[PDB]
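Below: one structure, written as structure tokens.
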Amino acid sequence: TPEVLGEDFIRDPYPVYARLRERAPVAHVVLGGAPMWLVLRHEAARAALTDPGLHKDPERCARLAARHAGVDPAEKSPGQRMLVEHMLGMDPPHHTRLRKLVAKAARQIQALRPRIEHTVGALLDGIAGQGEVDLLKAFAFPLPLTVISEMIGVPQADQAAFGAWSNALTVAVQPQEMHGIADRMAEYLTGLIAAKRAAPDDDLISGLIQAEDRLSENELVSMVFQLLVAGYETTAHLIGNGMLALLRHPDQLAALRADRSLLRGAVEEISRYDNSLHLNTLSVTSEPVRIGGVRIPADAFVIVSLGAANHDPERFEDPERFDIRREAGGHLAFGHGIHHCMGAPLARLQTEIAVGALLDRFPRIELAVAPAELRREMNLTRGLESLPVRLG
Ligand code: HEM
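Count the sequence shown with the authors' numbering and you get residues 8 to 80, 85 to 116, 119 to 224, 228 to 408, in order.
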């Protein structure tokens, strides 16, 4: 019998991961009305992330997912193509080409730090004296929006409105509204490319065009999109997940206040504890695969649980405990294998420089509501909806 996963799972997963982790390293679950297999233990997850039998063909996925519901029916619109023609929806040998090209774009790697520190201080200089504030909508969500945007070259006057469409496509559930919102951005993210094919500047759009092979408009849009959205939501959610733990456990907060030698290691324990992504990109199966010692059939969905793996009592000690002073090296929070977050270095830098600056200016940073008045959203992205901190 396939176990069913409900609204309770979405909000509070890590208990469920722990109940099923002891039973077996992989489980048969029902997430989204879709029977899939869930990889929970650390080694099993590492291995499922290094196996070619797990294919990321969104084309095959959608048709297979519609068949569970019975609805068995094209002109793929711009926005439909934007959502499915990025690295994460592609398998080798075609993934290798794309990842080469996007990495070939530039010493823009350096000077990323100055930008972050600048925009951090700008954001922080605005909330000073404002008493109680929502840290998420004033520091966390504003920062990566400004950081990733200036890398891609999204003009300042256009940055914020792109964040709303990002946020809405995240909150949106129905396919219709998604494809509609996506067609909206896809057009803007085409003039933005077009301006830069005529005005080569010092941004990542200009350099993605300039990279033999080249990246087609199809993949230039798709890549400029994926870097924008995934470097906005998941980055900004890691900050807010991390600060909730840094405010929920106060003893460690003050250790980090005096000793900035802990700043580096804490970021790893933030990613390890509550990561913004506790789940893999779905992947279907071309052939029968053996992961965790359990046979997974062909034409069957497989997701890897990055949360349960990070919380496996074999890999880590008291895996459900926030200790900024742990050998947390080895987390699967940024993925493993051919995929693996290309922009993980930027996520660590943002959080590292963010958390330090918050503690620097504000030594009375504290939560202004009971931990009970805080509520998490119904997304596979572990979010908080609100973080009402009380600076002092
Ligand atoms: C704290 C922030 C982030 C976390 C926790 C995170 C996590 C992940 C994970 C787990 C994957 C692999 C998914 C899978 O294999 O199913 C991934 C992929 C990816 N991420 Fe991130 N990510 C973060 C931020 C970013 C940022 C800021 C960027 C900026 C460009 C980015 C760009 C990418 C790309 C391009 C891939 C595709 C990997 C591939 O297909 O080869 N991510 N991310």
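Idealized CB from N, CA, C, for every residue including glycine.
- Within 7 Å of the C-beta of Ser-292 there is at least one heavy atom belonging to the ligand HEM.
- In the DSSP assignment, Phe-317 forms a beta bridge with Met-43.
- Of the heavy atoms belonging to the ligand HEM, none sits nearer than 7 Å to the Cβ of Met-259.
- Short of 7 Å from the beta carbon of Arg-341, and not among the five residues preceding or following it, lie these beta carbons of its own chain, in chain order: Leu-278, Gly-281.
- Contact annotation: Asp-328 and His-35 have beta-carbon atoms that are not nearer than 8 Å.
- Contact annotation: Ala-195 and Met-93 have beta-carbon atoms nearer than 8 Å.
- When the beta-carbon positions are compared, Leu-38 and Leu-12 come within less than 8 Å of each other.
- In this structure, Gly-247 has its CB closer than 7 Å to one or more heavy atoms of the ligand HEM.
- The way I'd put it, the segment 208-216 doesn't touch the segment 174-184; fewer than three beta-carbon pairs between them come closer than 8 Å.
- A contact is defined here as three or more CB-CB pairs under 8 Å, and the segment 260-268 fails this definition with respect to the segment 344-363.
- Where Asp-102 is concerned, there is no enclosing beta strand (DSSP E), because DSSP gives it neither an H nor an E.
- For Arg-406, the enclosing beta strand (DSSP E) stretches over residues 404-406.
- When secondary structure is reduced to three states using DSSP, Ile-381 falls in the coil class, being assigned neither helix nor strand.
- The criterion of a C-beta distance shorter than 8 Å is satisfied by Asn-296 and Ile-319.
- If you ignore the 5 residues before and after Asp-147, its C-beta comes within less than 7 Å of the C-beta of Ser-402, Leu-403, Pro-404, all in its own chain and listed in chain order.
- DSSP places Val-37 inside the beta strand (DSSP E), whose first and last residues are 33-38.
- For the segment 284-315, the continuous beta strand (DSSP E) assignments of 3+ residues that do not extend past its boundaries occur at 305-307, 310-312, in sequence order.
- Linking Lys-63 to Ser-302 through their CA atoms gives a straight-line distance of about 10 Å.
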